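Numbers restart at 1 for each chain; the letters A, B, ... are given by sequence-line order, proteins then strands.
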Number of protein chains: 2
Amino acid sequence: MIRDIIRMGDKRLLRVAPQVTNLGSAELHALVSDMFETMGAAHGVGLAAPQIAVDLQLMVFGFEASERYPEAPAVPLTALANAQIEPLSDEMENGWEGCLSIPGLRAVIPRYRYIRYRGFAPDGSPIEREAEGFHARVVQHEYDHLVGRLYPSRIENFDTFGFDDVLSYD
Amino acid sequence: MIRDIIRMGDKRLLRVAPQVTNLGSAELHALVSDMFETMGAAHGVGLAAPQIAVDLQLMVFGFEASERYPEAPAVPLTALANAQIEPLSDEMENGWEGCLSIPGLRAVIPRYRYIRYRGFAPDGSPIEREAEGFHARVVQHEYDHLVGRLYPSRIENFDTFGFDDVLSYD
Ligand SMILES: O[C@@H]1CSc2nc3ccccc3n21
Ligand SMILES: O[C@@H]1CSc2nc3ccccc3n21
Ligand code: NA
Ligand code: NA
């Protein structure tokens, strides 16, 4: 079932989300299924549960082909509970981000080029991966939702922030 | 004649505008007339010429009653060329701002409570005023356009940035 994606300005995007404690259950499966469905109808590459007003440490993400990032390598379809992130180097990298809770806009945002992330699949099996580049940037971005943070508070160059149909920065 | 209001992301909002040198002329009058008309149809309280892709140090502003700031005292209808601004104290004050080039959004922005501004009416007579509060905040905001600056780069508390129909911060 497709859920409403709540928009920047809602206090529910601002909360610190608690852990998921129902791994392997029917309720988590249905929620995760809703999130992939919702991500998909809105053409997202990642979606964090608080963007659907569900206060949990959960995100889904991934795709083969993105309408919005027609330049980006495939990121595996992934549902991730209780995400923890560690930078594997200090190399920062700039890239374009948008967000389904901030429709119509995009900005350039610096993120770690290399990370490891860890957590659990919805069936409870553990997940740990090294990620680089866009894959990494997705996971760091969806993680910020779980701590009540959106991309605008990460912008360093406000010349790059604007509407997607109008921007012409490189 | 109502002009297109260009949207955040256009490089033309980012420029340092040159001075107006055609005070008292027919061309400036028609431009200023267009700006009041454009401000009015979009329900603005201020409009700076670069928001209409006109690269000049010019702004119009003022109103008796605002749809968007139903709480705010009347600010006199004013067209101002070659604006210069000086804070008359260091008291900063927070208040809500939006912008016609950033439709649908608003944030809390700190501005000087007290200023003086100086420049010229379109007929060439000089203007100097002390302004406080909302009047001051309008003029400082429209001035930032003339130097290629929008309000998001002034936000200190990103919890207050969001869509106008969704926000519930105090
Ligand atoms: O603009 C898209 C739609 S959803 C999403 N999550 C993201 C994380 C990083 C970079 C881009 C995105 N986007
Ligand atoms: O949201 C409105 C529409 S235009 C404008 N210029 C401004 C300057 C300061 C505070 C608010 C505004 N606004
Ligand atoms: Na918060
Ligand atoms: Na600039």
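- More than 12 heavy atoms of other residues, nucleotides or ligands shown are found within 6.0 angstrom of OH on A/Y117.
- A single hydrophobic cluster is not seen to contain both B/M8 and A/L167; linkage of ILVMFWY side chains at heavy-atom distances under 4.5 Å, directly or through other members, places them apart.
- A/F163 and A/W96 sit in two unconnected hydrophobic clusters of ILVMFWY residues. Membership requires side-chain heavy atoms under 4.5 Å apart, directly or through other members.
- For residues 27-61 of chain A, an interface with chain B (any heavy-atom pair closer than 4.5 Å) does not exist.
- Residue with the most contacts toward chain B among A/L13, A/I6, A/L14: A/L14 (heavy-atom pairs, distance under 4.5 Å).
- Counted within 6.0 Å of CD on A/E130, heavy atoms from surrounding residues, nucleotides or ligands total more than 12; the atom is thus considered enclosed.
- Interface residue B/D165: only side-chain heavy atoms are found under 4.5 Å from chain A.
- Within a 6.0 Å sphere centred on OH of A/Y169, other residues, nucleotides and ligands contribute 12 heavy atoms or fewer.
- Residues B/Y143 and B/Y151 fall into different hydrophobic clusters, defined by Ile, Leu, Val, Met, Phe, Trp and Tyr side chains chained together at heavy-atom separations under 4.5 Å.
- Other residues, nucleotides and ligands contribute over 12 non-hydrogen atoms within 6.0 Å of the CD atom of A/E128.
- Within residues 99-111 of chain A, the residues approaching chain B closer than 4.5 Å by heavy atoms are, in numerical order, A/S101, A/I102, A/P103, A/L105.
- Note on A/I85: it clusters hydrophobically with A/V138, by side-chain heavy-atom contacts below 4.5 Å among ILVMFWY residues.
- Transitive grouping of hydrophobic side chains (ILVMFWY, heavy atoms separated by less than 4.5 Å) brings A/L77 and A/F120 into a common cluster.
- Around CZ of A/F63, the count of heavy atoms belonging to other residues, nucleotides or ligands within 6.0 Å exceeds 12.
- Counting heavy-atom pairs under 4.5 Å between each of A/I155, A/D164, A/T160, A/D159 and chain B puts A/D159 at the top.
- Around the OH atom of B/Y112, the shell of radius 6.0 Å holds no more than 12 heavy atoms that belong to other residues, nucleotides or ligands.
- Under the 30°/60° scheme for interplanar angles, the aromatic rings of B/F161 and A/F161 are found to stand perpendicular.
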